[PDB]
Amino acid sequence: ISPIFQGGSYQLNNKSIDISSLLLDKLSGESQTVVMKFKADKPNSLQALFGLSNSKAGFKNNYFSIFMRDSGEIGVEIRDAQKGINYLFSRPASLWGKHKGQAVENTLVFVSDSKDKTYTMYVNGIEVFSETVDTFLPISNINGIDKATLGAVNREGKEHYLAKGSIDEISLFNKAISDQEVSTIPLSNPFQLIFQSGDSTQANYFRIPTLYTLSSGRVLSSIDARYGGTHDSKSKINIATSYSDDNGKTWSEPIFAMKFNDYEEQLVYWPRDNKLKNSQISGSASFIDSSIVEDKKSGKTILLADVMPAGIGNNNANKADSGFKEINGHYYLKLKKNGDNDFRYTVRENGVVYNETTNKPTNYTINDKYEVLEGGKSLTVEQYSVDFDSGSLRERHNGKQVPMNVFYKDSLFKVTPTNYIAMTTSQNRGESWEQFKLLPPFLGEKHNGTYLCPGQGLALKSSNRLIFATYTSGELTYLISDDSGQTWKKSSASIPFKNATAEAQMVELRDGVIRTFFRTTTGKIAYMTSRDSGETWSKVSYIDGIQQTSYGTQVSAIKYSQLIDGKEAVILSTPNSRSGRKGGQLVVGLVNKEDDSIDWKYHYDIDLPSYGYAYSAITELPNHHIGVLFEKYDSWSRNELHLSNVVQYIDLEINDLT
């Protein structure tokens, strides 16, 4: 259908605009759609874009509004005191403010549907909430409505929630337009999605993005596909990948690099209310924090991630146990059989399950997929699915059989409940991934695995050396391979922090000179230098001019291929904020050849200082543009859990940054 009202070019400069005459007598029936294209690059703390209100004395709480906060949150109120209805629906981190210095035109579609009794809000082509009520309140059936307002809500004759911004276009319909119709509405998005709700992963959530430019020109991305909301392990999480062959313009349908099947891949709407938001999938194995590198020699792409057995995460993981047994220089994965109180088994060569107490091999083996066979026969377990139908999280058998994996809850043989690191490879640049292998322990039998630093590994330009940064208590633990990832050794580098999340990323400043940038607990990003291709490491210094929070955020970093102002350049991606994960920046540093010091010369604001920015991935695209895939929200904040489609991709050119 056609609009009952259409207007545009409205400037909201802390003064509402009255459109009652144009709109109010046009409103008919109980279903309505609002389409609004608007900018707000300097919003007030809390402002209404649009209001329908009873402006009369004593009816202060009879109004409908669409509002935003300077945090990027969008929402509506629907209030009628006589009906005793006070609805408030919102979602944090739903907006853009600025991109390349220009105010972004956000496209907002609000659907109020009386038939289904459902309020739905889309912003920039993304559904940010969909709420069904028992008692539906049509937005123009509020008792005594006498004002249609842009840029405030008229309450008792006064302007509340005054807006600063602009409404380039607004349309209203006496209909609840369908989801299909909504998707035909043109957008002006500064971003694109690579991974997204309802894609092949069937994860409703994503965190921990990576990007890496392959020598063929293909750009590869990996990510945590997180099923049970955005929580870290314990949970269900798979590692998914996608690639672009056109400098980031389009991206392939995701496939999995690393996945478990003990729990179904369910797209779930995880509750965001305070009572249930901490619900956490508690019986699933998971992969988490991935990192990618390309090997020049073999041509293989290599992907590593942390591995968590069923119900295990960082905080309940057995520290002081690697999960392996050392038997004369060699490390064997320990296993516990159903009913035993201790681990009386190991996995030896060719997957043979060997008994330790009696030193006998068994009739059981472990295949390449860490699945259990008896006498060559695939054993199985039953899969779980999750639901909240009872009003709380339930995890229950779903009737499907899947191969029995030693990382599973219901497995006959079970690994040590601790964290591991796994690796997989692709020979076709991410079109398919091999079965993963556990890396061996690097810090002894009685030490849990280090934690992979998410993002990129480092492929040294003048050799075959591959390095993946990892961290644990008191140090960075660099993993080093000179033979295409077949064998690894560690290079330990002490840092002056205990129990930190020292997520580290590396750049090669020049041949064999590696600078590592890492997260700390001090409010500053730290760094250290190696001048022998990672054999030895300097003491720790800190960057002034960038602020992080006390808890810190992952920093991403690349060496730019081109000179800038005649100098070698490095580019860091990080939130710049001592308050939260917001104020995204790319910071361009120029290297001083005298001493390899870096002058952080240019700061590019990704979006508003108050808009969310968390974990990030950056890569130099083959055309020398910069690709950025990032968490566009505060992934620390307890108020911004379980948001969909907040990991987003943008394309920039160096001139944008300078």
# chains A, B, ... in the order shown; residues from 1 in each chain; ligands from 1

$ residues_around --residues "residue 421 (chain A)" --least-positions-apart "2" --cutoff "7 Å" --atoms "only C-alpha atoms" --output "PyMOL selection string"
chain A and resi 304-307+423+438-439+449

$ residues_around --residues "residue 650 (chain A)" --least-positions-apart "5" --cutoff "7 Å" --atoms "only C-alpha atoms" --output "ChimeraX atom specification"
/A:190-192,627-629

$ write_last_selection --atoms "N, CA and C atoms" --output "short mmCIF file (atom, residue, chain, number, x, y, z; two decimals), in the first residue's frame"
data_model
loop_
_atom_site.label_atom_id
_atom_site.label_comp_id
_atom_site.auth_asym_id
_atom_site.auth_seq_id
_atom_site.Cartn_x
_atom_site.Cartn_y
_atom_site.Cartn_z
N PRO A 190 26.32 1.95 6.03
CA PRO A 190 27.77 2.14 5.91
C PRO A 190 28.51 0.83 6.14
N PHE A 191 27.78 -0.23 6.49
CA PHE A 191 28.36 -1.52 6.82
C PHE A 191 27.72 -2.65 6.02
N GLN A 192 28.31 -3.83 6.13
CA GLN A 192 27.72 -5.04 5.61
C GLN A 192 27.92 -6.14 6.65
N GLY A 627 40.07 -3.43 5.43
CA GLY A 627 38.87 -4.11 5.87
C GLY A 627 38.81 -4.15 7.39
N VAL A 628 37.64 -3.82 7.96
CA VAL A 628 37.45 -3.90 9.40
C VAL A 628 36.17 -4.67 9.74
N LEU A 629 36.34 -5.79 10.44
CA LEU A 629 35.22 -6.58 10.96
C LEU A 629 35.24 -6.47 12.49
#

$ residues_around --residues "region 264-268 of chain A" --least-positions-apart "2" --cutoff "10 Å" --atoms "only C-alpha atoms" --output "count of residues only"
33

$ select_by_dssp --residues "region 42-280 of chain A" --states "helix (DSSP H, G or I)" --output "list in words"
residues 179, 180, 181 and 182 of chain A

$ write_last_selection --atoms "C-alpha atoms" --output "PDB file, in the first residue's frame"
ATOM      1  CA  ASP A 179       8.646  -8.972   6.819  1.00  0.00           C
ATOM      2  CA  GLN A 180       8.944  -9.414   3.036  1.00  0.00           C
ATOM      3  CA  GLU A 181       7.739  -5.880   2.346  1.00  0.00           C
ATOM      4  CA  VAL A 182      10.196  -4.563   4.961  1.00  0.00           C
TER       5      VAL A 182
END

$ residues_around --residues "residue 334 (chain A)" --least-positions-apart "5" --cutoff "7 Å" --atoms "only C-alpha atoms" --output "count of residues only"
9
